[PDB]
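These are the residues of each chain, in order.
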Amino acid sequence: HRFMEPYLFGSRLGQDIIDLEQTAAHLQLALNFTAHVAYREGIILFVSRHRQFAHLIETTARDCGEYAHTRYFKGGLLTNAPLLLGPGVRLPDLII
Amino acid sequence: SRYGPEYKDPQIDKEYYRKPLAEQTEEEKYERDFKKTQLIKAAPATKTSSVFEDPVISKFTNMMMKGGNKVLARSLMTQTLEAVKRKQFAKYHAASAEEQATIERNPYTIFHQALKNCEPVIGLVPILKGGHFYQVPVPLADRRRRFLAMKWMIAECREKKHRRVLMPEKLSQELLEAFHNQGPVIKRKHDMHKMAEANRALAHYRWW
Amino acid sequence: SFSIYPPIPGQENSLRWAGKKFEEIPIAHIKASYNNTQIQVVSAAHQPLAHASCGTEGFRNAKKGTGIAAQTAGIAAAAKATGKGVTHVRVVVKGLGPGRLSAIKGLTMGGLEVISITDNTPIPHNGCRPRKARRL
Amino acid sequence: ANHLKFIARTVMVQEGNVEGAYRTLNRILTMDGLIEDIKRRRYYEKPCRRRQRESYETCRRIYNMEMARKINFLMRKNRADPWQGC
Amino acid sequence: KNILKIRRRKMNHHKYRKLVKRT
Amino acid sequence: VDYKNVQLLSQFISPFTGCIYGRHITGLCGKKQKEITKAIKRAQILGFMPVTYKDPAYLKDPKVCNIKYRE
Amino acid sequence: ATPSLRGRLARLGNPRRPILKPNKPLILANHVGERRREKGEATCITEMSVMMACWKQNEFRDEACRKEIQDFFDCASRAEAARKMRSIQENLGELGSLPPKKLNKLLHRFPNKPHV
RNA sequence: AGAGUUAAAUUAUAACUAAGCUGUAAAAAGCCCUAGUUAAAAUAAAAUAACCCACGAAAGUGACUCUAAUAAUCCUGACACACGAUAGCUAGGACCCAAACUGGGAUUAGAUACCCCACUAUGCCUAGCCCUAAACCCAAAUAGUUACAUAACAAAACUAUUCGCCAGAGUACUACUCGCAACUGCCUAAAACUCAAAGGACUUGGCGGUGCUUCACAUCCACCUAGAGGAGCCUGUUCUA
Ligand SMILES: [Mg+2]
Ligand SMILES: [Mg+2]
Ligand SMILES: [Mg+2]
Ligand SMILES: [Mg+2]
Ligand SMILES: [Mg+2]
Ligand SMILES: [Mg+2]
Ligand SMILES: [Mg+2]
Ligand SMILES: [Mg+2]
Ligand SMILES: [Mg+2]
Ligand SMILES: [Mg+2]
Ligand SMILES: [Mg+2]
Ligand SMILES: [Mg+2]
Ligand SMILES: [Mg+2]
Ligand SMILES: [Mg+2]
Ligand SMILES: [Mg+2]
Ligand SMILES: [Mg+2]
Ligand SMILES: [Mg+2]
Ligand SMILES: [Mg+2]
Ligand SMILES: [Mg+2]
Ligand SMILES: [Mg+2]
Ligand SMILES: [Mg+2]
Ligand SMILES: [Mg+2]
Ligand SMILES: [Mg+2]
Ligand SMILES: [Mg+2]
Ligand SMILES: [Mg+2]
Ligand SMILES: [Mg+2]
Ligand SMILES: [Mg+2]
Ligand SMILES: [Mg+2]
Ligand SMILES: [Mg+2]
Ligand SMILES: [Mg+2]
Ligand SMILES: [Mg+2]
Ligand SMILES: [Mg+2]
Ligand SMILES: [Mg+2]
Ligand SMILES: [Mg+2]
Ligand SMILES: [Mg+2]
Ligand SMILES: [Mg+2]
Ligand SMILES: [Mg+2]
Ligand SMILES: [Mg+2]
Ligand SMILES: [Mg+2]
Ligand SMILES: [Mg+2]
Ligand SMILES: [Mg+2]
Ligand SMILES: [Mg+2]
Ligand SMILES: [Mg+2]
Ligand SMILES: [Mg+2]
Ligand SMILES: [Mg+2]
């Protein structure tokens, strides 16, 4: 992608390599964030379409008391919540 | 059509049922048949297990029936088989020993023969090309050919008799002449064959 | 290495049909035109032994186009040729038309034995301009 | 016409099967583009109307080449799928 | 489409040439 | 590439036609294809090499190109 | 190898003059062209002709030649069963490639990207 | 731009051989001084290579060889200068093949057309004109940038320096002028009048004697049966009364 150009480190023989220093700086902040939301008792929704890992991510999330959505994603899901999910509903506080 | 597609046809031949024990794939097959809990059709009233039933005669019988008269068609046929029979007995006793060995006294063999001999090999279908209808040579499937023979016999001995002449008689004549290939029916078969030979070039047109 | 097709005009190749050199075997010219076909069977010496046309075979203005007609002409041609006693034929097809294959088959089925097919179909290297295309 | 005869465009039928040898010769001419040229040259075709042909042909050849490649590249993944009904 | 402009021209030209022949 | 070695130029010509194979068959650089082509045409007009068929002498020589005629 | 597209198309940058004028944009489509149904020729024509010749020489007595006739019907049954077989044959495909349904799913799984 | 050369094909014209040969959806006319084969100059046009993308300012240029040869230490620039496809004009040659015109033949209600057959101006050369093209890549030249940014569609968006061009639509590649080897021409190019539009791109429909697949199950075709149209009569319309 064109917007990875900063996060990259450099090309090794055609294969691109991320900057792990930046990975840590970022991931720290991400995990911190995740945590501060969990502590504040709010919904967390993991999402992936990737098949290899589907099971993992549900198996992970079920054990967190957090929710996963790994599946076909119906269209108006978050946008039109009350029609899709139920008459009135709470929405994910954080999506991951 | 009061039969759904679930109902398969009856197989009515008795020789099949009485003597299964030497046939493996057929044992397997009729096992599949009734075991399948197969809904099977009430056998028709025309089809019987009678030792005397010749399906060809039945078809030809039907095609002669106008309206709903089975009775009448049956009778006309019966009288035709009969008429040929007696006519061939008359030819027999008035002949010489050699020809006594020759002559066919079986009206049935005479019938299957006189139909085998009247059936055309090729036939024409019209093809539309560039505005004109060309009559083109088409190889034919057997049943269509049988039909053409029977249809022809019936139409011929229906149309061209003088009114004082009964159907079974004339029909018998046409049967015995078609036996020896000298009959008008075969003239018809031959005009088919000739028309096919004249148009043979156009057998390119046909695409199937 | 069996049956390399193009036998050389040098004498290095001994292969005989009816004990003859490939040079001595009769040439059957086939000309397949869209409306016509004609075969002419000629000696290696160029003395014509047989001629059959789709028209000479008694077909008419359209119908003489067909492959039927082609094989028809082929048969009788090989009849006239067989009469003068030619066993084997090297064939050349000229033009590209309906009765190419049909006529070639017609020589075989007509009881004439075929060794070679070669295609001489005139292919302009951009000489004379063709007639204009048609609808226009 | 000045060249030695019978050397050009000549197949010699082997084991007496004619139809096979004719198919062979046909495959020759059609492989070299001579059939498309005879057929082309029955009538004329004007220079413009010719570059149009050329370009349409060559575009189409590019498309089909690429699409072919893409198909044969994605061929592997036709294999029956591991993750089914996740 | 733009042919519809050309049509006019085409006609006007034709109708002119015809004229200049008679005249 | 010289127009003088007709064997070489014969290597790139279709045996039955006398055609000149394209790059996609011969597999040559641009400059070498062009070189070969011109060379051939020269060899044809000067008449070291014939036009409408591959000289029989050279049919038995090593074959470079990727064409399969006979299958 | 794929024909070079460099410099071919009429574009603002290009100093050259055009080579290809595409009718439809040059992009791999997602789907693939549906199978082309092949047409028929006249079936059996040979035996038809042979049997014609036979009747011509024999003054149209069918009893004189059984051979040409039985071979004719041989061809008719070979023809009809060839049609039945080419009807059930739809598993044919390309015989070494895959039917255009498979290609189209497969191609939707790794689509081509014009946008972004 | 010269000068020289020819491989395929074709044609004269002979030698044989057969009566046909040509031609379409189907035919006809046409030709048998025809056709197949074997020989063979001129003229004309340059398979494959080319799935290449070069050379020229553009038009254009792709058979072969040799001669001459492709402006500018390189910005823009005309009504000036020099060129400019086809067709056309003038004079002289050429004439294989093609072919407006025209005459036959079909088709058609008609067919001054599409299809067929001949044959001509003309394409060809040498010299002189004419100066027009959907001469269009509809995208000006020369330096740049990929920042900002999607009317639509198409070939994504823009600076800077220039010249050229555009003020509703017709009217109008027209009328008058001016100039030109043109004198049914080219170039330049209005107004009266009329209208409230005229235009570009798109959107759903509908439609298509477009293309592709798949069907029709009393159903188009092929197929089977029995009838209507004819006759007498019944009975309903339509006309006369
Ligand atoms: Mg060319
Ligand atoms: Mg036009
Ligand atoms: Mg010759
Ligand atoms: Mg090509
Ligand atoms: Mg007007
Ligand atoms: Mg340039
Ligand atoms: Mg250009
Ligand atoms: Mg377009
Ligand atoms: Mg000159
Ligand atoms: Mg020559
Ligand atoms: Mg000649
Ligand atoms: Mg000649
Ligand atoms: Mg035709
Ligand atoms: Mg006539
Ligand atoms: Mg080409
Ligand atoms: Mg080019
Ligand atoms: Mg320069
Ligand atoms: Mg300047
Ligand atoms: Mg000019
Ligand atoms: Mg001129
Ligand atoms: Mg002339
Ligand atoms: Mg002359
Ligand atoms: Mg002419
Ligand atoms: Mg006329
Ligand atoms: Mg009409
Ligand atoms: Mg038409
Ligand atoms: Mg002439
Ligand atoms: Mg010129
Ligand atoms: Mg141009
Ligand atoms: Mg253009
Ligand atoms: Mg302009
Ligand atoms: Mg400028
Ligand atoms: Mg400049
Ligand atoms: Mg910028
Ligand atoms: Mg929009
Ligand atoms: Mg105005
Ligand atoms: Mg003008
Ligand atoms: Mg003017
Ligand atoms: Mg002026
Ligand atoms: Mg009906
Ligand atoms: Mg219906
Ligand atoms: Mg009636
Ligand atoms: Mg009535
Ligand atoms: Mg009333
Ligand atoms: Mg009244």
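*Asks:* Help me understand the pairing of strand β1 (residues 8-12) of chain A in this model?
*Replies:* On a regular strand, each side chain points to the face opposite its neighbour's, so the side chains alternate between the two faces of the sheet. Residues and elements named next belong to chain A. Of all five residues making up β1, only zero are buried, and the element is barely covered by its neighbours. Both β1 and strand β2 (residues 15-18) contribute to a ladder of four bridges, which runs antiparallel. If you follow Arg12 over to β2, its bridge partner there is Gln15. Between β1 and the antiparallel strand that follows it, β2, lie two residues; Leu13 among them carries a positive phi value of about 50°.

*Asks:* How should I be thinking about the interface of chain D and chain C in this particular structure?
*Replies:* When the parts come together, some accessible area is lost, and that loss is often what is quoted as the size of the interface. Between chain D and chain C, the residue contacts involve 26 residues of the former and 35 residues of the latter. For the pair chain D and chain C, the summed buried surface comes to about 3,000 Å²; carbon and sulfur atoms form 65% of the total. If you sort the residues of chain D by the area they bury against chain C, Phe6(D), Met12(D) and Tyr22(D) come out on top, with a joint share of 26%. If you look at where chain D meets chain C, you find zero salt bridges. At the boundary of chain D with chain C, the tally comes to 12 residue pairs in polar contact. At the level of secondary structure, the elements contributing two or more residues to the side of chain D that touches chain C comprise β1 (10-12), α1 (18-32) and α2 (34-40) of chain D. Class assignment for the residues of the side of chain D that touches chain C results in 17 nonpolar, three polar and six charged. Sheet topology places strand β5 (residues 113-119) of chain C next to β1(D); three bridges connect them, and they run antiparallel.

*Asks:* Please explain the sheet that holds strand β2 (residues 36-42) of chain C as it appears in this structure.
*Replies:* The strands that make up a sheet pair up through hydrogen bonds in the backbone, lying either parallel or antiparallel. The strand order β3(C)-β2(C)-β1(C)-β4(C)-β5(C)-β1(D) describes an open sheet built from six strands, whose pairing is mixed. Whereas interior strands pair on both sides, the edge strands pair on one side only; in this sheet they are β3 (48-53) of chain C together with β1 of chain D. Neighbour-to-neighbour, the strand axes of the sheet open up by a mean angle of 20°, direction not taken into account. Direction of pairing for strand β4 (residues 88-94) of chain C relative to β5(C): parallel, over a ladder of six bridges. Looking at β5(C), one finds that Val93(C) is bridged to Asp119(C). Docked against the sheet, helix α1 (residues 67-83) of chain C engages β2 and β3 of chain C, running at close to 160° with respect to β3(C).

*Asks:* Even after reading the chapter, I still don't get a positive patch on the surface, so can you show me in this structure?
*Replies:* Residues and elements named next belong to chain F. There is a patch of like positive charges on the surface, built from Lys4, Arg23, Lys34, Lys38 and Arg42. Mapped onto the fold, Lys34 is located in helix α3 (residues 30-45). Here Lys34 falls in the exposed class, since its relative accessible area comes to 57%.

*Asks:* Explain helix α2 (residues 100-109) of chain C to me, please; I cannot follow it from the model alone.
*Replies:* Counting along an α-helix, one turn takes 3.6 residues, and residues three or four places apart therefore face a common direction. Every buried residue belonging to α2(C) is among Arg100(C), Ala103(C), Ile104(C), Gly106(C) and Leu107(C), and all of these are buried. Here the buried residues of α2(C) occupy an arc of 150° about the axis, which is enough to place them on one side. In this structure, the buried side of α2(C) is in contact with β1 (27-33), β2, α1, β4 and β5 of chain C together with α1 of chain D. At the C-terminal side of α2(C), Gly111(C) shows a positive phi close to 65°.

*Asks:* I tried to follow the packing of helix α9 (residues 184-198) of chain B against helix α1 (residues 45-58) of chain G on my own but got confused; where do I start?
*Replies:* Two quantities define a packed helix pair, namely the angle between the axes and the distance from one axis to the other. Where α9(B) contacts α1(G), the two axes come as close as 10 Å, and the packing angle between them is 120°. In terms of their interaxial angle, α9(B) and α1(G) are classed as oblique. The way α9(B) lies across α1(G) gives a crossing that is left-handed. Contacts between α9(B) and α1(G) pair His193(B), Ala196(B) and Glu197(B) from the former with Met52(G), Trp55(G) and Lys56(G) from the latter. The residue makeup of the contact of α9(B) with α1(G), split by class, is three nonpolar, one polar and two charged.

*Asks:* What should I look at first to understand the pairing of β2(C) in this one?
*Replies:* All names here are of chain C. With five of its seven residues buried, β2 lies for the most part within the structure. In this sheet, β2 lies alongside β1 in antiparallel orientation, the contact comprising seven bridges. The residue bridging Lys31 from the neighbouring strand is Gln38, located in β2. Once β1 ends, the chain turns through two residues before running back antiparallel as β2. Two elements, β2 and β3, share five bridges in a ladder whose sense is antiparallel. In the sheet register, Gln38 faces β3, and the bridge partner there is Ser53.

*Asks:* Could you clarify how one ought to interpret the protein's contact with RNA strand H in this entry?
*Replies:* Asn36(C), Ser53(C), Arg8(E), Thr37(F) and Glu34(G) are the nearest of the 91 residues found near RNA strand H. In RNA strand H, atoms within 4 Å of the protein come 71% from sugar and phosphate. Here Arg135(C) contributes a backbone N or O atom positioned 2.7 Å from a sugar or linking oxygen of RNA strand H. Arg17(E) places a polar side-chain atom, nitrogen or oxygen, 2.9 Å from a phosphate oxygen of RNA strand H. Among the elements that line the surface near RNA strand H, the one with the most residues is helix α1 (residues 3-22) of chain E, at 10 residues. Per-class residue counts for the surface near RNA strand H are 26 nonpolar, 29 polar and 36 charged.

*Asks:* Where do I start with the environment of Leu74(D) in this structure?
*Replies:* Here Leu74(D) is to be found in helix α3 (residues 47-74). In the structure, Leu74(D) is positioned 11 residues away from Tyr63(D) in sequence and 17 Å away in space, judged by C-alpha atoms.

*Asks:* I'm lost on the nonpolar core in this one. Help?
*Replies:* Nonpolar side chains in soluble globular proteins tend to end up buried together. Counting 61 residues, the largest nonpolar core has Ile30(C), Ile39(C), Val91(C), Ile104(C), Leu107(C) and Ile117(C) as its most contacted members. Not counting chain neighbours up to four residues away, the residues in contact with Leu107(C) comprise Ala28(C), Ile30(C), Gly74(C), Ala78(C), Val89(C), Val91(C) and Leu112(C). Judged by nonpolar contacts, the second largest core, of 26 residues, contains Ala149(B), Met150(B), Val185(B) and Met192(B).

Thresholds, definitions, all that
Each chain carries its own residue count, beginning from 1 and running in the order its sequence is written; this scheme need not agree with the entry numbering, and residues with no coordinates do not appear. Written order decides the labels, with chains lettered from A and ligands numbered from 1. Chains on display form part of a larger assembly; values are given for the displayed part and nothing beyond it. To obtain the side-chain values, all non-hydrogen atoms of the structure were included, while hydrogens and water were left out. We call a residue buried when its accessible area falls under 20% of the maximum for its residue type, exposed when it is over 50%, and partly exposed in between, using a 1.4 Å probe and counting protein chains only. Helix numbers and strand numbers start at the N terminus; a helix is a DSSP run of H or I with at least 4 residues, a strand a run of E with at least 2. Paired strands are those between which DSSP finds at least two bridges. Should any heavy atoms of two residues lie within 4.5 Å, those residues are counted as being in contact. In short, buried area is how much 1.4 Å probe accessible area vanishes from two parts on joining, totalled over both. For this analysis, a salt bridge means a side-chain nitrogen from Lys or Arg found within 4 Å of a carboxyl oxygen belonging to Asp or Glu. Between N or O atoms, a polar contact is any pair within 3.5 Å; within protein, one atom must be a potential hydrogen donor and the other a potential acceptor, and residues adjacent in sequence are included only when both atoms are from side chains. Each residue gets one label: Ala, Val, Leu, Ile, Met, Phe, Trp, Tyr, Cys and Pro are nonpolar, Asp, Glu, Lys and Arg are charged, and the others, such as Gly, are polar. Angular values range over 0 to 180 degrees, each being the angle between N-to-C directions of two axes fitted as lines to C-alpha atoms, with helices fitted over their stretch in contact. Patch criteria: residues need more than 30% relative accessible area and no salt bridge. Like-charged residues are merged within 9 Å; nonpolar side chains of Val, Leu, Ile, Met, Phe, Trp and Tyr are merged within 5 Å. Residue burial considers only the protein chains on display, and all accessible areas are found by Shrake-Rupley using a 1.4 Å probe. Charged-residue counts in this description rest on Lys and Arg as positive and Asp and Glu as negative, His and the chain ends being excluded. Taken as the charge location is NZ of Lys, CZ of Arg, CG of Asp or CD of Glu. This arc describes the spread of directions from the helix axis toward the C-beta atoms. We call two directions roughly parallel when the angle between them is under 35 degrees, roughly antiparallel when it is over 145, roughly perpendicular when it lies between 65 and 115, and oblique otherwise. By definition, turning the near helix anticlockwise from the far helix through less than a right angle yields a left-handed crossing, and turning it clockwise yields a right-handed one. Only a single heavy atom is needed: when it lies within 4 Å of a molecule or strand, its residue is near that molecule or strand. What we call a nonpolar core is a set of buried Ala, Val, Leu, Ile, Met, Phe, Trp, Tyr and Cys residues that are connected through their side-chain atoms within 4.5 Å.

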